[PDB]
Each structure stands twice: as structure tokens, then as C-alpha cells.
């Protein structure tokens, strides 16, 4: 039911034209965090959404990852956060999916990556390949 509520709110993105509201992102994030016992399901659901969604929703999907990881690090501590480490497992493939976004959304992904790097959200060995993927597209 925790996973059901999260999935419901995540897929509700399909009802809206991006950019997505702060309030909606907050709702999704709060549901993810409440469901921390099921963090593996939460990550799986986010990744599935990003794999399968329309191009206009790739950036919104990335923003869901960013929002969850940022709130989790804030709420539980950077060292104790379980979401960034779990998202890291498939992250190369997740980003391959994300970069299938409209060309005018590509700069938005790079922005997120640059901020993750600045804040050491992921190790360089993860961030650099993701940055390299954006550059190889140009």
C-alpha cells in the first residue's frame, strides 16, 4: 500500500503538462520517503517510469530522482541515505533512457548532474560517465 500510493502519485505525472508543480514533486517525494522500508520497490518504480514514459516526462522523472535523493540526504544524513546508492546500480541505463528526451530538455539533465557533482551526491566514477553521455550526444 505504501508502494501502491507512491506508484499512484508517480504515474499521476501523466495527467499533467510539464514543467511539474513543486507541490506535485513534494507529494511524490514524501510518498517515496514514507516508503523507505520498500526503497528497492520505489527505485524500481521510478526506473520503470523513466524507461517507459513519453519523452516530455524524462526530465520530470529525473527530477523525481533528484527530489528523493535530496530529501533523503537531508532527512537521514548523506552517509545514511539508501536512495542514491540504490539508484546508482542501474544509473547508466537510467540515463541512457533519460537522454531520449526532447533536445531542449538535455541542458536540464546536465544541470542536475552538475549539481550532483558539486554536492558529491554520487562518486566521480558515476558522475563522469553520466556527463560523458551528455557530451557524446551533441
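Positions refer to the first chain, counted from 1.
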### Query
Per the PDB record, is the mean Cα temperature factor higher over 31-39 or over 100-108?
100-108
### Message
What third of the chain does residue 16 rank in for C-alpha temperature factor, lowest, middle or highest?
### Response
middle
### Message
Taking only the Cα B-factors deposited for this chain, tell me whether residue 78 sits in the lowest, middle or highest third.
### Response
highest
### Message
Ranking every modelled residue in this chain by its Cα temperature factor as given in the entry, which third contains residue 130?
### Response
lowest
### Task
Name the third of the chain's ranked CA B-factors that contains residue 58, choosing lowest, middle or highest.
middle
### Query
Against its chain's modelled residues, does residue 25's Cα B factor rank lowest, middle or highest third?
middle
